[PDB]
Amino acid sequence: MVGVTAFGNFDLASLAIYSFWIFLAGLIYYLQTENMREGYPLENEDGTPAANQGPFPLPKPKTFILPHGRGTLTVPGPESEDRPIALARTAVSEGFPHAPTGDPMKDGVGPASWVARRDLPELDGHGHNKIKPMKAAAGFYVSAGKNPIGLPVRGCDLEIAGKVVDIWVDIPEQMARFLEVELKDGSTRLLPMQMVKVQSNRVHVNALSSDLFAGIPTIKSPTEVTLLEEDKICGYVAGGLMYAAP
Amino acid sequence: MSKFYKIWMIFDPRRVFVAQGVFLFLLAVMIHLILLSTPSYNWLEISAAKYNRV
Amino acid sequence: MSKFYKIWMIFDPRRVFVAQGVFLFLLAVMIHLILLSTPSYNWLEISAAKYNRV
Amino acid sequence: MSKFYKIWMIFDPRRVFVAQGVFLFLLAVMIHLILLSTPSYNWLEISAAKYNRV
Amino acid sequence: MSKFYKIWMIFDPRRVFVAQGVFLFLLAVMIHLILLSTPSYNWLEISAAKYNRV
Amino acid sequence: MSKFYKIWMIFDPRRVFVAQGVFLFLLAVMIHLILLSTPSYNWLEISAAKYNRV
Amino acid sequence: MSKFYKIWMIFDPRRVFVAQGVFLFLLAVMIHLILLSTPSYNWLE
Amino acid sequence: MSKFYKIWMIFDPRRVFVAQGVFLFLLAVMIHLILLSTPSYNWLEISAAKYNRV
Amino acid sequence: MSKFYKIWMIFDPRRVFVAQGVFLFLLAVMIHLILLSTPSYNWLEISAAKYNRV
Amino acid sequence: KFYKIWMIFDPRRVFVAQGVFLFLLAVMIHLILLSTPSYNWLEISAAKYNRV
Amino acid sequence: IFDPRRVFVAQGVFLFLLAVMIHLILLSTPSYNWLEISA
Amino acid sequence: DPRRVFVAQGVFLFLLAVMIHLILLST
Amino acid sequence: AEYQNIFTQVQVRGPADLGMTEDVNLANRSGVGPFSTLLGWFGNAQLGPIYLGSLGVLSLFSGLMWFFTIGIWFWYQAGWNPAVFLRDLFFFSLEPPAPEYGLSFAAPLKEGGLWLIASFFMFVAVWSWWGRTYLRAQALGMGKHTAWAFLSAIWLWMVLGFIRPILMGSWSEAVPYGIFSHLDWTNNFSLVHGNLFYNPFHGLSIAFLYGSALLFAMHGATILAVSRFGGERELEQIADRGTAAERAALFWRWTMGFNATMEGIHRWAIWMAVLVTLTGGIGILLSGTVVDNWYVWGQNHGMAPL
Amino acid sequence: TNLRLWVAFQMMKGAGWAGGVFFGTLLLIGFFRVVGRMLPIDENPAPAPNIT
Amino acid sequence: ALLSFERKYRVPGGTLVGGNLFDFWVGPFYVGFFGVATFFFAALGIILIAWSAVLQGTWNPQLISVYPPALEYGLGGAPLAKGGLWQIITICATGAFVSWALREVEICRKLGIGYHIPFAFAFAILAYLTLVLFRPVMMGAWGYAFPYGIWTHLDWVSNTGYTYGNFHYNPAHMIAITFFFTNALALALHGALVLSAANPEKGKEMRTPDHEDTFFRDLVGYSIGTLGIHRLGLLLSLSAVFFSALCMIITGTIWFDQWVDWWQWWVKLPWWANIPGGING
Amino acid sequence: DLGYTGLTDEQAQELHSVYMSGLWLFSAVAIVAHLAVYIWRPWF
Amino acid sequence: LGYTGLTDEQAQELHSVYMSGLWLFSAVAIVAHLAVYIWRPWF
Amino acid sequence: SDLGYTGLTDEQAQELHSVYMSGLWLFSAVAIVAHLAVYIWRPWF
Amino acid sequence: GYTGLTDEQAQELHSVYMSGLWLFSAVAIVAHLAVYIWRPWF
Amino acid sequence: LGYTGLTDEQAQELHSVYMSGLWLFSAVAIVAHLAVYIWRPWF
Amino acid sequence: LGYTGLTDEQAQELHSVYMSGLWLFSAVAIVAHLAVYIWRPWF
Amino acid sequence: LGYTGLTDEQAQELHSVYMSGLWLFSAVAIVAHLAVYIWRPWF
Amino acid sequence: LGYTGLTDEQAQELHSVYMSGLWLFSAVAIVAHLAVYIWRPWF
Amino acid sequence: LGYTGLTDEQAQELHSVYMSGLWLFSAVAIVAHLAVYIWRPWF
Amino acid sequence: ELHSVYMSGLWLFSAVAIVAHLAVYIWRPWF
Ligand SMILES: COC(C)(C)C/C=C/C(C)=C/C=C/C(C)=C/C=C/C(C)=C/C=C/C=C(C)/C=C/C=C(\C)CC/C=C(\C)CCC=C(C)C
Ligand SMILES: COC(C)(C)C/C=C/C(C)=C/C=C/C(C)=C/C=C/C(C)=C/C=C/C=C(C)/C=C/C=C(\C)CC/C=C(\C)CCC=C(C)C
Ligand SMILES: CCCCCCCCCCCCO[C@@H]1O[C@H](CO)[C@@H](O[C@H]2O[C@H](CO)[C@@H](O)[C@H](O)[C@H]2O)[C@H](O)[C@H]1O
Ligand SMILES: [Fe+3]
């Protein structure tokens, strides 16, 4: 056994524990700076850079090569909200909420917020659209659980907003993503599968009421949904939890 | 020894200075603590014995 | 020496002062704590012994 | 000296005041606790023995 | 001190009063708790000893 | 040895120097610590014995 | 002193009363527990 | 053994040189440590015994 | 037995040489370890006794 | 007519699977011999040659 | 019925494992320890 | 499925026969 | 009362996914197995295909020999009686050779010789699997993060069974092959080395093991909370940051005062987990070789009253 | 007089909720105490885990 | 100092108590009704630990220990310096943890996400309450709870564990450990798989989730999927904590002897209890 | 003036007067309770 | 300057009420300390 | 950009610093008096 | 065709493999014969 | 050369105030050390 | 032809160079064994 | 080369100020070691 | 062949320099072993 | 060769500066080892 | 053709195995 101290009580076990503290501080610094590649530098409520930016500097930029000729992502880099934000600050001082000036679900602010993502479908490994309707997918079927096709769709106001026509599936991952819901007007809307409850004889949507399924953002192509449209649909539906429960 | 200034064309000056500043402080603290832990060089205890304080 | 001002063209002044303030206070607390550890320089116990407060 | 006011062109007064408020209170509590920790300066125990309240 | 009123043009009163109320209750509870911990100022047990309630 | 300079075509100087500096300091600290552990070469203990400081 | 009423122009009166009711009840419970713990003032025993 | 140069037409010079450096250093440290563990080859204790420094 | 070269068209040489290098080094280290374990073939212990060093 | 075993089985798999088996078997046998004092050639030579 | 590639590999490992088990069984029995019977 | 029968029959016959001799081996 | 995305509501099955053929030898990859509906309520239903190359055969055979060697010794300890085999299944053990033999290989098979043979097979199986982990990522062009995270777990495994017994000078310092037996080795190790609770690296190892459960609960619950925005698709949130990544970041920023990114959270994840065995390996290696009484060592370093 | 009812109602609403949470804990603590008495505890006491 | 994308999410509402009285931020931190409560309980708890240090007579953070009242006090109150400060800190800790979970609920409602995170944190709170509140009340004394010290609360773990022999033989303990070890394995695999896809070999395109499925099907023959792994990680962490609280709530209250003796029920099963040979026969 | 909640100057005076009337009444009931406890068992 | 939207008159008005509350709080504390000091002086 | 990170102008920083220093001198003056009373009551030197 | 090899490639692989098998067999027989002379096990 | 966007005359201005605060801090620390050394020398 | 995209002549050269290294490694090992066996035979 | 984007003019001026700091740090350390060696030599 | 990008000429230049370093590393290690064996032989 | 982008003149220049540092470091270490071996030799 | 070459190994395995059991039977019979 070594057990011998170089000085004081500083033995080999003391060297190891202090060495780890230095490594741990270096590791934490690395982890924190690697996690500052999105949303930095900090801003004020007006959009100008904040005076305070924190003890950790921004990391050196890294480049991502997108898998299907979709370009290159450099982070941290220039950042901007391309859409306008329909909010008005409730106070001159920082740290207070910004009230919606209109209909937040329509505007897309607060819990209804959406990100101006790339207006292209997510592609699988082979280059095809990752999400497509089941009747357009070949060889796809409901394998287990209640088949939610033909079931009426009920909102949080206990009224029927339509019926389910199709299921949008994730082809590489083989999972139901969206439910295509036909309204009384005859148009179809998409509802994320995580925001519906597939009951025995109905599909219940807790987030939206009957007179809000019309406001769901539509898809520009009946057999294709883009990342921008998924974000708008998922944001709008989840915004109902706050703005559709009077 | 006259071309040593080219190291700043290789390494980020900010990262070198931060790494060096941390290194020099921790090295200095380590040596001071080593001297404090040796009774022959603990200047706080050497003066205590010299002036008969404890 | 005459060009030491050019460090502020290298390092962000906002982070330097915050780091310096944290460093200076922690260093001062460390040295104050070390002196309290030694009985010969623990001024709270030196005065107690001097004035017979035990 | 007469240009120390320019620190407010570098640091935001709102964040410094909160930081200074937290620092000053924690420091004051820390010293009061240190004095209460030393038997020779625990003013609650000192008055107890002085007035024979044990 | 004739213009300490300008603190209210730096800090919004709504967040200040909430912070102050938390701070004042925290400090007051802390001191009462400290006094109860000390047998020399625990007013509840001073009374029991004073009136021979044991 | 006349063509050793072509090592820098294969390896990034930035990567080598950081690795070399870490290796050089860790090795030097370890050897200094090994000598301190051995009483035959603990230059702090040898000075104390020589100068009757214990 | 006579202008303490302006606190109701800073804080919502309906939100203060609910929060104040929470504070006063928790304060009373804390003092009762402290009092109920001292043998000289425990009224249950 | 004049065609051994073709090993570099199969393997990356970067990876092999790193793998050789890690291997060479770990081997030398292990052998230096094995000798330090055996008392018959501990050159620090051998020197201490030869000059009677204990 | 003069047609063994066709095994290279079957197995990728890059993985084979790595496979051989790891296999050969582990076998050599394992056998050296077995010799050190056996007291009759621990050449460090044998030389210690022969030359009367411990 | 054993040569047909290559028409069915992949030559990469059989050579490796046999080579893996042969090496593991050889190490196991050498270790069993070292386990048995009657065949530990390192201990046998030590006693025979009057060594440590 | 049976896949020619699946059968032989599964059968082969079975034959080898049974060979070891019987060899090790006699190794365990003191009456069939040829490494010690020859001793 | 004749394949699954052979696997189920082959495993049961082999494991029991191994077990039967092991029971004999135990005593 | 709303859907919690803990189990799937509707299972959808299509053609079996054969996987990406980036640089993978497709002849070594098998076919797709059966679809398990039971697994489909929680994760994917598809089983297989599995790749079995050269390192797959080496790892499968070496580990099978290791598994069979322990099992045959267990049958020997049961007297070849199946009733006793099941009754004392957790009580059987393949002990390492006694300390009197040190590091020698001249130990009888019944008295630790079989432990060395079984340990050799385990050594080959684990390291062969590590190369399999490295080569599977290489054939798909992926990073080697999986292999290096595996190396941290191997480091603790190597220290327990190989590195520390060599440093301690005997195989008897290693872990026996038994269910309850290696739990007794774990308990005896702490008692012998004076309350391993006071090993600083054991305490750090526990801090990261606790933090692994904390971080996976945080990250798992965060992704399920934003899976209504597609948060489960973490790769496309890294390349094209959606509203799921922003809500996930803002929850923790508003809670903790700081947050992660969709990619950087997995750097926190991999490091929190590998530090369990990296720090754990150091602490075990320091026991017996540097410190033999961790509580006494604790007392001389704070950590415990004098 | 109506506004006085409003002020009292809001404070009572705050105090009533604090009562339900506090008394809910007492019902929980009271439950575990009853369960503890019906168990072989107090017949198999444990030593003090702390040095106190 | 907001994030670049943060401003559009700072909207009013989502609170459970009040609604605008405390519905604001202090820097990054959201303040609510429970944000005020969490800060008070936390700040009071820290200062009472600091005050307990001066009563203990130490300033080494590794030696500071707040002990629960001795067994003589039962479930009643204790003097502050004896065991009373532990009780108040426990109440402060309980209030701080519960307020922290409720504060997350309001943050969840404001951002319109699911309530998984506060629910998962509640599992940690109930494990804490099992050791300080539920088990001590069942055993009838506050002194069966662990002290508030960095290394003294490990002494409680050791002393409690060795009261029942080797605590490894607790069957719920074994189940909880398996989940803990598997969770750390799953976290390492999940972090590595995502990073290796996002950070390919060199100068290559970022890998798709199809490659993630392919990697683990090629490795172990199965891939649970992007949604499955996050469900699994959440379940493994909560199941480990659930069985941890279960292994302690039954210890000292239902089981009283050495936990090794419990496993004798398997060996004493009639059909093999009396067969010579093996370990136990 | 500041008006962070929509109450006017006259509405704040009215509500405060109601708030103080119950504050003093609540204080008075607490004084009597303290007197009752003090008579039964003084703590000074 | 001008971080909260309050003008000078509003700042002076609010700070006058705040200080009036502060002195009232301090005055009761001064009486409370005076009563305790007579009952049990700590100096 | 040392011409200002906080948006405060030069004369705004002068006025804020003037009030801040007054608060610092008032805080120090009380601290000095409090230290004098303690030193008279129980000196530490 | 489970391997893509015909007889033209099955016969060649077997011819080399058997030659490698005989060489390994020949050395193992020589190794066993030497061991038996040194220390017979029967 | 610049990484922070400060000009040369801004760096000189910032440094001049910084050094003035450094010398003032060092002036107090020297007086503090001199007083402690007179009270209780450590050499 | 080949499973690794290597021609016969590409395999002809790789084996011949590999074999020359193998005999070089074996020749050194034979000399090493002879030195050990003379110093301390194991048979 | 040029991984940091410094010209040769900027590199040698930065190194000039860095070396001035290095020698000033070394000069204090040389004097500090001289004072300690006179006070209490370690050789 | 051509698994990295080196040609026949570049590999010849690389291997010549690699062997030059290898012989120098070996030549120093031989003198190192010679000095140790003369100082304290292990045979 | 393009692994690092050095054009056989930046590599000759960088090696020249690197070796200058290596010899300066080795020269200092030699004097350190010579001084210690005179003080107390380790052979 | 699978059966034809398989049974060739069976006799190769069994006849050698018969020699194996016969040799041990003479060396140490188990009946
Ligand atoms: C372990 O070691 C121990 C603890 C024992 C000993 C160590 C002790 C140490 C290290 C102590 C360190 C102490 C230090 C560094 C103390 C520093 C104290 C300072 C800097 C205090 C400064 C206080 C300044 C105050 C209180 C200023 C207040 C200002 C106001 C109240 C005015 C308000 C400001 C306004 C209105 C701004 C103007 C606004 C407009 C719109 C013009
Ligand atoms: C256990 O082992 C023990 C501890 C006992 C013994 C071991 C000891 C060991 C391993 C010691 C190792 C010591 C070493 C390696 C020390 C190295 C020290 C160095 C390199 C110190 C260098 C210091 C350099 C300094 C302080 C330079 C400062 C420069 C400035 C302040 C100027 C700032 C530069 C500016 C402003 C450039 C601006 C110019 C432009 C154009 C922007
Ligand atoms: C935080 C990690 C990085 C820090 C910077 C690098 C520092 C490297 C050296 C750190 C080790 C020295 O730290 C110091 O070690 C000595 C060695 O006995 C300890 O020793 C001191 O306390 C112990 C325990 O009471 C006594 O037995 C001993 O007589 C006394 O000198 C000190 O408690 C510690 O403060
Ligand atoms: Fe994830």
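Numbering of ligands and ligand atoms starts at 1, following listing order. First the proteins, then the strands, lettered A, B, ... as listed; each starts at 1.
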Is there a donor-acceptor contact under 3.5 Å from the side chain of V:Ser16 to the main chain of V:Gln12? no
Given 3.5 Å as the limit, does a donor-acceptor pair link the side chain of B:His32 with the main chain of B:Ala28, or not? yes
Where is the nearest protein heavy atom to [atom]: which residue, which atom, and how far?
atom: atom 34 (C) of ligand 1; value: D:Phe17 CE2, 3.8 Å
atom: atom 3 (C) of ligand 3; value: A:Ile22 CG1, 3.9 Å
atom: atom 29 (C) of ligand 1; value: R:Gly23 CA, 3.6 Å
atom: atom 13 (C) of ligand 2; value: B:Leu27 CD2, 3.7 Å
atom: atom 2 (O) of ligand 2; value: F:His32 CB, 3.3 Å
atom: atom 22 (C) of ligand 1; value: R:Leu24 CD1, 3.6 Å
atom: atom 1 (C) of ligand 3; value: A:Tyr18 CD2, 4.0 Å
atom: atom 4 (C) of ligand 2; value: B:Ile31 CG1, 4.0 Å
atom: atom 18 (C) of ligand 2; value: B:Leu24 CD2, 3.7 Å

Over all heavy atoms of both residues, which pair between [X] and [Y] is shortest? Give the atoms and the distance, please.
X: V:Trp42; Y: V:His33; answer: CH2-O, 3.7 Å
X: C:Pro13; Y: T:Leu6; answer: CG-CD2, 4.1 Å
X: B:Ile46; Y: B:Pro39; answer: CG1-O, 4.3 Å

Is there a side-chain contact between [X] and [Y] in this structure, where contact means two heavy atoms from C-beta onward sitting under 4.5 Å apart?
X: B:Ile7; Y: V:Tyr18; value: no
X: D:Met1; Y: T:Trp23; value: no
X: D:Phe11; Y: C:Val18; value: yes

As an exercise, identify every atom of ligand 2 less than 4.0 angstrom from a heavy atom of [X].
X: B:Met30; result: 1 (C)
X: C:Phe4; result: 32 (C), 36 (C)
X: C:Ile10; result: 42 (C)
X: F:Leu33; result: 1 (C)
X: C:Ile7; result: 36 (C)

For [X], take its heavy atoms, then give the atoms of ligand 1 lying under 4.0 Å from any of them.
X: E:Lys6; value: 36 (C), 39 (C), 40 (C), 41 (C), 42 (C)
X: D:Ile34; value: 5 (C)
X: R:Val19; value: 32 (C), 35 (C), 36 (C), 38 (C)

A quick test of your reading: do over 12 heavy atoms of other residues, nucleotides or ligands sit less than 6.0 Å from CZ of F:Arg53? yes
Looking at the rings of C:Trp8 and C:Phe17, which for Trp means the six-membered one, are their centres under 6.0 Å apart? yes
Go through the side-chain N and O atoms of [X] and [Y] and say whether any donor and acceptor fall under 3.5 Å apart.
X: V:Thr7; Y: V:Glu9; answer: no
X: C:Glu45; Y: C:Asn42; answer: yes
X: Q:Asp8; Y: E:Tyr5; answer: no

Measure from atom 38 (C) of ligand 1 to every heavy atom in Q:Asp8, R:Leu16, R:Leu26 and give the option owning the shortest one. R:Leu16
Which one of F:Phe25, B:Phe23, A:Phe7 has a non-hydrogen atom at the shortest distance from atom 15 (C) of ligand 2? B:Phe23
Verdict with reasoning, M:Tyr198 to O:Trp151, per ring-ring contact (aromatic ring centres under 6.0 Å, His included): CA-CA 8 Å; M:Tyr198 286 83; O:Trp151 301 98; 5.7 Å; yes
Looking only at distances, can you tell me whether any N or O atom of M:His301, backbone or side chain, sits closer than 3.5 Å to an N or O atom of ligand 3? no
At a 4.0 Å threshold, what atoms of ligand 3 neighbour a non-hydrogen atom of [X]?
X: B:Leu26; result: 5 (C)
X: A:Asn9; result: 16 (C), 17 (C), 18 (O), 19 (C), 23 (C), 24 (C), 27 (O)
X: M:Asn300; result: 24 (C)
X: B:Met30; result: 8 (C), 9 (C)

Residues that A:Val92 engages under side-chain contact (heavy atoms from CB on, under 4.5 Å), provided they are two or more places apart: none
One residue to check: C:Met9. Relative to ligand 2, which of side chain, backbone, both or neither has a non-hydrogen atom less than 4.0 Å away? neither
Please work out whether any backbone atom (N, CA, C, O) or any side-chain heavy atom from C-beta onward of V:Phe25 is under 4.0 Å from ligand 2, and answer side chain, backbone, both or neither. side chain
Please report the interatomic distance CH2(O:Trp59) to CG(D:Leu33), rounded to the nearest 0.5 Å. 4.5 Å
When rounded to the nearest 0.5 angstrom, what is the spacing between CG in R:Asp2 and CG in T:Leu14? 5.0 Å
May I ask whether [atom] is less than 4.0 Å from at least one protein heavy atom?
atom: atom 28 (C) of ligand 3; answer: no
atom: atom 13 (O) of ligand 3; answer: yes
atom: atom 25 (O) of ligand 3; answer: no
atom: atom 17 (C) of ligand 3; answer: yes
atom: atom 32 (C) of ligand 3; answer: no

I'd like to know if C:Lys6 and V:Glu13 make a salt bridge, using a cut-off of under 4.0 Å between side-chain N and carboxylate O. yes
Quick one: does D:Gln20 get within less than 4.0 Å of ligand 1, heavy atoms only? yes
How would you list, by chain and number, every residue that makes a ring-ring contact (aromatic ring centres under 6.0 Å, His included) with B:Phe25, sequence neighbours excluded? C:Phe23
Heavy-atom pairs closer than 4.0 Å: do any link ligand 1 to the side chain of Q:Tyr3, the backbone, both, or neither? neither
